[PDB]
4 protein chains.
Amino acid sequence: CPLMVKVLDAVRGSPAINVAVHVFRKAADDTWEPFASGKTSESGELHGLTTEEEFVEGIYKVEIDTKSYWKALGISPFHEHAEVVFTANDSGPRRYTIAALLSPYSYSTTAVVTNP
Amino acid sequence: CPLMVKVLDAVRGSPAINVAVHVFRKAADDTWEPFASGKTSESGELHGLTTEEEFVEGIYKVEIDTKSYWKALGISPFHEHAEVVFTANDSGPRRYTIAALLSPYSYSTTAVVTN
Amino acid sequence: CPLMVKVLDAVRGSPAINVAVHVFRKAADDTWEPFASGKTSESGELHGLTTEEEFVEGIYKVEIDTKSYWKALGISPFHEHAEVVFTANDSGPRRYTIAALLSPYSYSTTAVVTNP
Amino acid sequence: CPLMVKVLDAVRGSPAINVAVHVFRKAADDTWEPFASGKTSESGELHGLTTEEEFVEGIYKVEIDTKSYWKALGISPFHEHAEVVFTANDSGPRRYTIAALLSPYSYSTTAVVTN
Ligand SMILES: O=c1c(O[C@@H]2O[C@H](CO)[C@H](O)[C@H](O)[C@H]2O)c(-c2ccc(O)c(O)c2)oc2cc(O)cc(O)c12
């Protein structure tokens, strides 16, 4: 898969399961066009968002619904979401893993980029 | 100062100086309206963004221009910017510090909410 | 594997390859006894450190040689190592993944604990 | 103050108050000799650990007693403590801030080295 998202919970030491993820691509007219969406699995992973053919050069936004995640565990968290915005495929096709580590008042995000 | 931003550089172990920071407030039509902005100081800090009077409950976005920071250092970065989006709530403490720790391919953001 | 270590580099957006890892177990006499060691793979992962039979209850120390990693990329980093110290298997056998995200002046560590 | 420690709690969005902190210096026999210690303040900070005079080049360990902090809050933690191990170098800036961001199953530590 050229785009994978992996979400972990820093409070429980576990994958963050059933987290909603929305991917957008910046259009010709400079607005955020829907691109792909899905929910993390029991492993905290979301695969199958796109293909190398559909995943062209552009600016992409990955929006992870962290607030719904925490509310369902009884936690009122600080952030509305974790958003990752990046230029993709500008030097040709790459594989991108977007990792997010969640706490109620903090998150970190990291990208692992590989060249197939 | 109800809203402060602090930016650190995890590569140099230093404040992140002269980083542009834009704050937006979400309007009734769900667009982002410019609210406040500035550049981080030599201490990596930005204060004086707003007043108790104007910082009412609502949804706010803090955009940190990380890509320009890394480009100035000659380091290829991943993100276009770091965005922090949150609801300001009068039930909680009165002072919000948005801290960001920057690396070229990773950032972390934490909220410290006191008084 | 009941104990796995995964090391990422936050400067390059890549696995941290060939990182030395040393695991110790706190002995009867309260010193750190060598337990296992290895080097991360091209995926930044170290598997095969131990077995469920050898990996008994105890206090374990995972020591990741981050300073040698950065020096070989031409970086003089802040830390000597990243050390993760934890009680394991106290409520029965678990699977532990110790993840470390490295920057020259910062690191984070996270544990993912699963119950087989 | 050449050495300061700052601890934040990522679950509550607050300073981590009354956290024990022990600093050690590595001796010639490669054992850790007690150097300085204290409890974090209401601001999550510990200053006055050492003086410019006594903080000479060497290898130092800062141990943060995270497990007692989480136990006091009724939250099951993973780590026994967070350890930060580093060489103090006179070629670099003169002020070391060791920052730690705590979650029950994760911590991050950053060094901010200034002046
Ligand atoms: O280092 C960190 C830090 O403290 C810094 O200490 C240095 C002194 O030299 C700086 O220059 C600067 O003054 C100050 O920001 C704070 C912080 C403390 C108190 C607050 O109220 C607050 O909102 C944030 O949060 C962090 C969060 C991370 O995820 C990673 C970090 O490394 C830090």
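So that the names make sense, note that chain A is the first sequence line, chain B the second, and so on, each numbered from 1. Note: hydrogens, waters and symmetry copies are ignored here, and every other heavy atom, side chains too, is used. Both counts, for ligands and for their atoms, begin at 1 and track the order of listing.
Using a 4.0 Å cut-off between heavy atoms, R95(D) makes no contact with ligand 1 at all. Within the 4.0 Å heavy-atom criterion, neither part of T109(B) lies near ligand 1. Here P15(B) has no heavy atoms under 4.0 Å from ligand 1, in either its backbone or its side chain.
Between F78(B) and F86(A), the ring-plane angle classifies as parallel under the 30° and 60° cut-offs. In this pair, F24(B) and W32(B) present their aromatic rings perpendicular. The plane angle is above 60°, beyond the 30 to 60° band.
For the residue pair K39(C) and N18(C), no side-chain donor N or O sits within less than 3.5 Å of a side-chain acceptor on the partner. Side-chain atoms of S108(D) and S108(C) include no donor-acceptor pair closer than 3.5 Å.
Under the 3.5 Å distance criterion, the side-chain polar atoms of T40(A) are matched with a main-chain donor or acceptor of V19(A).
Counting only heavy atoms of the protein, atom 29 (O) of ligand 1 lies nearest to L101(D) CD2, 3.6 Å. Nearest protein heavy-atom contact of atom 7 (C) of ligand 1 is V112(D) CG1, 3.9 Å. Nearest protein heavy-atom neighbour of atom 23 (O) of ligand 1: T97(B) CG2, 2.1 Å.
Atom 2 (C) of ligand 1 is flagged as protein-proximal [any protein heavy atom, distance under 4.0 Å].
Within the structure, the closest approach of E45(B) to ligand 1 falls below 4.0 Å when heavy atoms are considered.
Ionic pairing of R25(D) and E54(D) is present here: one or more N-O contacts between side-chain nitrogen and carboxylate oxygen are shorter than 4.0 angstrom.
Rounded to the nearest 0.5 angstrom, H22(C) NE2 and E83(C) CD are separated by 11.5 Å.
Comparing heavy-atom distances from atom 33 (C) of ligand 1 across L8(B), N115(D), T110(B) singles out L8(B) as nearest. Of the listed residues (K6(B), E42(B), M4(D)), the one carrying the non-hydrogen atom nearest atom 19 (C) of ligand 1 is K6(B).
Ligand 1 places these atoms under 4.0 Å from at least one heavy atom of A99(D): 1 (O), 2 (C), 31 (C), 32 (O), 33 (C).
Aromatic pair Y96(D)/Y60(D): ring centres not closer than 6.0 Å.
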